[PDB]
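The chain below stands alone, shown as structure tokens; this is the form deposited in one PDB entry.
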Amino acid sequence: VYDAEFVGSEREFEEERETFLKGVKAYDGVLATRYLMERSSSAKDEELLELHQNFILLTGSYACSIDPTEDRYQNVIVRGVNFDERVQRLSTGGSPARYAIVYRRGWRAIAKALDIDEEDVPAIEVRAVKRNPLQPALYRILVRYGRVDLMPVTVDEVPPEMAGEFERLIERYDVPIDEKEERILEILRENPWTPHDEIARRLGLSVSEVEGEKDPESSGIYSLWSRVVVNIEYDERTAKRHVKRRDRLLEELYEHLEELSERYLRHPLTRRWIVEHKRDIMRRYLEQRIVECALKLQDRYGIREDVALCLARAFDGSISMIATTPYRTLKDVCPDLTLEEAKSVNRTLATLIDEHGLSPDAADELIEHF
């Protein structure tokens, strides 16, 4: 289930909606730009890319403004888990709403708390990896801690130490780093935009072990960045300049899109055209996401072709969702899955059975109920 009720006031309600709607508009810009990029290699053009990344920045910016008093929502569930209690028992607390939205399809709970009915499938996602102008993990953490100040609004504003030189920021604050984090940092030094599953696979870890809790007291890359960000004192002044700047940026970015679109496709890409082909566009990305995932499962995890496509389909092309799923669920939706296959893609499963001697069932509910 996906759910959340609005407990804020009426003034706060129409602020949220207004923040959400602008975010939805920003993320549509990400979808539209990606559609263009994948229509020639000559397109995959730095102007386009930069326009794409400015959209990622604005989506991220609005996303940071959600629940600014950190008390406007309650009972926030994303795929069953209750993010309220979770966020309560974390040293640094925070907004369960913003916490949610960093998860894939987490926006649905906030979608139901407000009554977003303007365009269908009103997604806001803040999970871009390979084209994100920021160090991806940091980008997500900024959203979690609602750092409107720190989140850049244009690509040219993006400081090196928040992208390819991310380590400078970590080191510029006097933050401790455990052994597991050092190993993770070593991979991001080669390529800061390495996906987390790929980092996991290489280090012999699970995605959760790589990520850690989005709190300084945990261990992992989310944890490390949480540790950094809470020692960066807030700059209410820059938050103001950002918040006041962006609505106009957003509009020129769309105008940029229409103009620049003509260089590739004969039917110009308008704001209206994006709203009216919302479904088909995402269906397009879901297809790619499924093909890639099947390809990855077969080649990188050694999974037979039929089963790969089966899992790829059941979990809408998200390997991290496959990896963190219980064997029982995995096997229900893909009858022919073998245990070795499941262990090959679920490190937690593998670590519980192999190193700890548990049965499938016992690992399965450790996996569910952490």
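In case it trips you up, residue 1 is the first one in the sequence shown, and so on.
Novice: With respect to the deposited sequence, how many residues separating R328 from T329 are not represented by coordinates: none, 1 to 3, 4 to 9, or 10 or more?
Specialist: Unmodelled stretch: none, continuous chain.
Novice: Taking the recorded C-alpha temperature factors, which stretch has the higher mean, 255 to 263 or 145 to 153?
Specialist: Higher mean C-alpha B-factor: 255 to 263.
Novice: Mind pulling up the entry and telling me whether 289 to 297 or 73 to 81 has the higher mean Cα temperature factor?
Specialist: Stretch with the higher mean C-alpha B-factor: 73 to 81.
Novice: Name the one of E125, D197, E211, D120 with the greatest CA B-factor according to the PDB entry.
Specialist: Largest recorded C-alpha B-factor: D120.
Novice: Based on the PDB record, which member of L188, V102, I116, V207 exhibits the highest Cα temperature factor?
Specialist: Checking the PDB record, the top C-alpha B-factor among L188, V102, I116, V207 is at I116.
Novice: What third of its chain, lowest, middle or highest, does the C-alpha temperature factor of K244 fall into?
Specialist: Middle third, going by the recorded CA B-factors of the chain.
Novice: Among the chain's modelled residues, which third holds the C-alpha B-factor of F166?
Specialist: Tercile = middle for this residue's CA B-factor.
Novice: Could you say whether, by C-alpha temperature factor, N132 belongs to the lowest, middle or highest third of its chain?
Specialist: Its C-alpha B-factor belongs to the lowest third of this chain's values.
Novice: Sort the modelled residues of this chain by their C-alpha B factor and say whether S42 lands in the lowest, middle or highest third.
Specialist: Tercile = highest for this residue's CA B-factor.
Novice: Quick one: classify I221 as lowest, middle or highest third of the chain based on its Cα B-factor.
Specialist: Lowest third of the chain for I221's C-alpha B-factor.
If you look for the form deposited in another entry, you will not find it shown, but the lines that follow are about it.
Novice: With the chain described as two rigid parts moving between this form and the one not shown, tell me whether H242 and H356 end up together.
Specialist: Not the same part.
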